[PDB]
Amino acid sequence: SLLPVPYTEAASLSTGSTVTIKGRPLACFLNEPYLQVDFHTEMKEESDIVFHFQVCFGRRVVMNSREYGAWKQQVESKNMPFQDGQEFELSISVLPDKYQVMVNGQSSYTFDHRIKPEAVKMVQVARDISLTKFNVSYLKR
């Protein structure tokens, strides 16, 4: 739709920051579209990933970090608040100890910090969605 996917934006995060995403899957859930949001330590896409969030719509969610080139311990969830064929609003809040992921206003996933959020320099949104809104909040010290 409005914003090109894969979408890449330089970013800084600390406690109280929020990344908000509005979009829509490009396929019905039977065809298993994916959505990926990655918080990178550098602008280059091969850089380390502080927080990797990957949805297989209708099936499962996986979260992980990539540290010095190597994926760490995968966290898997079968929580699936996304709705087949619907636009979604996704919010990722930086809390003191974890990321909190809200889907359409409802807390749906969390992920404890493995690397300080201050290491993030870039956010990338990719895979099988159209993206109409992307915002990183920058209001707090």
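Note that residue numbering begins at 1 and tracks the sequence as displayed.
- Higher mean CA temperature factor between 31 to 39 and 97 to 105: 97 to 105, per the PDB entry.
- Of the two segments examined, 74 to 82 and 59 to 67, it is 74 to 82 that shows the higher average Cα temperature factor in the deposited entry.
- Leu90: CA B factor lies in the middle third for its chain, per the PDB record.
- Compared with the other modelled residues of the chain, the Cα B-factor recorded for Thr20 ranks in the middle third.
- Sort the modelled residues of the chain by CA B factor and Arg114 lands in the middle third.
- Among the modelled residues of its chain, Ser12 has a C-alpha B-factor that falls in the highest third according to the deposited record.
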